[PDB]
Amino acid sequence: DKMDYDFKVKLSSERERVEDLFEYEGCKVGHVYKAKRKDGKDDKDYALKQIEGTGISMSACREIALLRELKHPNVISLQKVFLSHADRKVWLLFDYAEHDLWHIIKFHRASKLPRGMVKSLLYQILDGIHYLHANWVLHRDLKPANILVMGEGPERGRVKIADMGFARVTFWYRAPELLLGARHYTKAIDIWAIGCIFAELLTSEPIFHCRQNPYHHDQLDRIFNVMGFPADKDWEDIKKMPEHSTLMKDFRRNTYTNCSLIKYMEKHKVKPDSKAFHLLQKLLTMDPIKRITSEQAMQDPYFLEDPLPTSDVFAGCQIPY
């Protein structure tokens, strides 16, 4: 080794190692572990993620670079990065989020979601994404599994947006422009996913649920069965999409004539004249330039209507999950 000896040995003597500070024997919930401090002067649960691959890949660099700078109550906090020099592995440390929205929804789909909780989930997701968007950071993979929620403790019921598959399949939350071959991720694509999540919170079922390169026929079909087929006035630049020709070849407007978001939400007991529905409709707009922004959505009168959103999404209730 050509590096200074005294420099090397000093750093190795002082270097924090994950295996010294944390007990993660099993608890394998790359790979993510539930961890406890070995020191004992700490009873809080932590999550440890070992980055997949050796060293630091593009996505890994980016995840670290962004999380290091990002600071908002509804975006998961990076507490620490451990650099394992012998095996060149990277570890990320976070506070453990007891719950996530995929298990929360599954629980309610199985027992069958309180309305106060739905609103507060939506508000906090929007808050977090608004912060990301204002800093020109796009999530690009919003879905219930990526919406964490803190359990008992000082952050009870606080949403934490995560991106647990940042390195890299369900298309239920993908905006139609991506299914028609759009080449760039956008803020609007995130907003469409949020709309999908909101609908799912309101009904307990994924609104664009579909059986398992960018063109995905069955997924678009499911979107049209729910939304109807867009008129040219609804999405004027749909004809600029790379797969537009394919769409014309595969689909006919007439197939979806009796379909609309109003009719879909009606058979799931959600009222079309509700402030909830009108917000949802502004989020699930087919044309991405006609979608509401995250900030516009936070200002919606839905959030001024009784009941107000709460910082603890479980507020006024107990946690059965």
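What we label the rigid core is the largest C-alpha set whose atoms superpose within 1.5 Å from one form to the other. Sequential numbering from 1, following the sequence displayed.
Student: Between 69-77 and 114-122, which has the larger RMS C-alpha deviation from this form in 9 other deposited structures of this protein after core superposition?
Tutor: Once the cores are fitted, 114-122 deviates more in 9 other deposited structures of this protein.
Student: Comparing 6-14 with 295-303, which has C-alphas lying farther from the shown form in 9 other deposited structures of this protein once the core is aligned?
Tutor: Larger mean C-alpha displacement, comparing 6-14 and 295-303 in 9 other deposited structures of this protein, is found in 6-14.
Student: Quick test of your reading: does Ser245 have no coordinates in a third or more of the other entries compared?
Tutor: In none of the comparable entries (those modelling both sides of it) is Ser245 left without coordinates.
Student: Is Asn213 one of the residues left unmodelled in a third or more of the other entries compared?
Tutor: Comparison shows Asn213 dropped in at least a third of the other entries.
Student: For the stretch from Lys240 to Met241, please bin the deposited residues that the model skips: none, 1 to 3, 4 to 9, or 10 or more.
Tutor: In the record, the chain runs straight from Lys240 to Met241 with none unmodelled.
Student: Classify the number of deposited-sequence residues missing from the model between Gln212 and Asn213: none, 1 to 3, 4 to 9, or 10 or more.
Tutor: Gap size class: 4 to 9 residues without coordinates, per the record.
Student: On mean Cα temperature factor in this entry, is 36-44 or 56-64 the higher one?
Tutor: 36-44 has the higher mean C-alpha B-factor.
Student: Do the CA atoms of 223-231 or those of 83-91 have the higher mean B-factor in the entry?
Tutor: Looking at the recorded C-alpha B-factors, 83-91 comes out higher on average.
Student: Tell me which of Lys187, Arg174, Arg115, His99 tops the list for C-alpha B factor in the record.
Tutor: Max CA B-factor in the entry, restricted to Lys187, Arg174, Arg115, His99: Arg115.
Student: From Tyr123, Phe166, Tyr131, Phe208, can you pick the one with the highest C-alpha B factor in the entry?
Tutor: Result of the comparison over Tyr123, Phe166, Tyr131, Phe208: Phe166.
Student: Splitting the chain's C-alpha B-factors into thirds, which one does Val29 fall into?
Tutor: It belongs to the highest third of the chain when residues are ordered by C-alpha B-factor.
Student: Taking the C-alpha B-factors as the PDB entry records them, is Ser111 in the lowest, middle or highest third of its chain?
Tutor: Highest third.
Student: Which third of the chain holds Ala297 when residues are ordered by C-alpha B factor: lowest, middle or highest?
Tutor: Lowest third.
Student: Can you tell me whether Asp273 has a C-alpha B-factor in the lowest, middle or highest third compared with the other modelled residues of the same chain?
Tutor: For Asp273, whose C-alpha B-factor we compare with every modelled residue in the chain, the answer is the middle third.
Student: Rank-wise, by C-alpha B-factor, drop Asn258 into the lowest, middle or highest third of its chain.
Tutor: Tercile = highest for this residue's CA B-factor.
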